[PDB]
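One chain follows as structure tokens, the form deposited in one PDB entry.
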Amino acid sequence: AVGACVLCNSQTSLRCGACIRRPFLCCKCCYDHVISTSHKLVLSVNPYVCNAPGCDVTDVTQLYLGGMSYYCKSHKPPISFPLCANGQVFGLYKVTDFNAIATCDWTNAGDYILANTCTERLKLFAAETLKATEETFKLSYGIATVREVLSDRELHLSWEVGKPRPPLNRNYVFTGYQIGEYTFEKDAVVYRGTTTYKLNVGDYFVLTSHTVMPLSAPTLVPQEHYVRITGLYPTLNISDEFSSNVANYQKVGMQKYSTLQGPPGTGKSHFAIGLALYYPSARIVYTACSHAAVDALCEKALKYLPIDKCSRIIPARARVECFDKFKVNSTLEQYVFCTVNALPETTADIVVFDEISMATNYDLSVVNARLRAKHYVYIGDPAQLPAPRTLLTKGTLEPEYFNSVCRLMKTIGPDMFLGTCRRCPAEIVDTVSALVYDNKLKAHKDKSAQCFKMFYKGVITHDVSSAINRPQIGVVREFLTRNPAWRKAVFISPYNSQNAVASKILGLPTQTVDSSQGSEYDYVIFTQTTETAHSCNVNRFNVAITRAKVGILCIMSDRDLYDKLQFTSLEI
């Protein structure tokens, strides 16, 4: 019961019993919280509650210190001091923002704005509170029981009455019953277990709610600038391949942390792996939120770094298949590749945290808590997609509010910027450069003359809330007959149900905009599907069209983004 105030660090015995996490609040801060919010339960060794038998007064504003015990107005002795008076709550060792974080429901974008504009201490209070709120919300959903098993990838489910049914996408990972994690995709539905199992009727699925651990480290350590490269030893013999990044590699060694904004195909993996070749004796931990982001760093490392000094850290509670070429779970190898949630407690000369738009402040803090490093490098792009905020339903979350790193990149600018896109045909580069890069992204490739746009609203149908546009798929089908080279295209849309329909009608491999991030394909066929805030999001639009190396066909619903596409328009 003795700790430090979450706002001003002043030692105290008081914790807010009404807050979901129970933060310690000093006398002068606890008061300003109880007096401005519905939160009135104050806890010390024992709660501030009326000691009189059978009395239910818990509100600290209605309580007094009667000698050594606590009583309300109705039970206090003659000589009794109010627990609440003179700007303080009585405690040992004798905030408008803390109040909003403590009481919000995390459904508004303004909640996330505050969680990123508040003091560092409140960014951790905000991140822990949010995550606990998200986990308790999983309990709201109804249990899914197997009614019948059709095939090895198809079943029919029975849902709990009186409780809502969770969305059926890859975002929502169930737990079978303890037959391993399972996912669903759309009366026939597609089942997919992280463990292969002969689906038994009666077996049920629940979204696994995980215990939210406390946060201790800041999202960003305090910045330090150095006059020389510190604790790192550069090479003179540096491969011409990486010569373009030498000045930025030196910048990395002359600051405690650095931010790198890398638009699509500008050389983020190449930069990250080249940092290892520039400081050859440095121990580097390569981290990211997703297994796909960590695997892409492994792939680039396989090509340039000694395979014997690499290790892929895999949590024994294996969910999806990941990179199999390095020695597994060797925490002490010079190069360690690991997701944030699986990071061991270790030190490093450099920590490289990739795909930073996908990180939350909870992730930023966990990295600073598990890894003690001489230098930290944050790689990503605030113009790409952030992590899904399952509770957020009102308002759009801007890039400067994704996390502390993205906030810094959008306000003071990134420390380093990769300005040349080597992946995309110039039509795509020119469009996204104007759309989200303030005209600073330059094209390496020429215009491919294989980038097309078609304005076709079609017809929007819905599978629950996930959207389908069958006429936009029909327009694609007609295009494919006339453009057989496009047979090899990856179909992309902002909706899984649209992708399910295009998979059966077109036979192309399918990908949501969100799951395509980090990947590249020679040809992309994109159907916007709808003109909603989701399908019109500039970050999602940016990711969707920058997946293409050679050609792209965009069937658009929104006149605005259609007009912005610097593509050859098609007719039908």
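Start at 1 and count along the sequence shown; that's the residue number. Here the rigid core means the biggest group of C-alpha atoms that line up within 1.5 Å when the two forms are laid on top of each other.
There is another form of this protein, the form deposited with a small molecule bound, and it is not shown here; the text below is about that form.
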Residue (of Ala100, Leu343, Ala387, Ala500) lying close to the small molecule in the entry with it bound, criterion heavy atoms within 4.5 Å: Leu343
Residue (of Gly458, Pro82, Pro166, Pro399) lying close to the small molecule in the entry with it bound, criterion heavy atoms within 4.5 Å: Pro82
Contact stretch among 150-158, 311-319, 104-112, 188-196 - heavy atom within 4.5 Å of the small molecule in the entry with it bound: 311-319
Partner contact for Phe90 in the entry with it bound: the small molecule, 4.5 angstroms, heavy atom: yes
Non-hydrogen atom contact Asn116 with the small molecule in the entry with it bound at 4.5 angstroms: no
Distance check, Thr211 to the small molecule in the entry with it bound, heavy atom within 4.5 Å: no
Proximity of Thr331 to the small molecule in the entry with it bound, heavy atoms at 4.5 Å: yes
Which of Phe541, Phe526, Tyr523, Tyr64 is displaced between the shown form and the other one by 2 angstroms or more at its C-alpha, rigid core aligned: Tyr64
Core superposition between the shown form and the other one, C-alpha change of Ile412 at least 2 Å: no
Is_shifted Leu275 between the shown form and the other one (CA, 2 Å cut-off, rigid core): no
Threshold 2 Å Cα movement between the shown form and the other one at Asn86, rigid core reference: yes
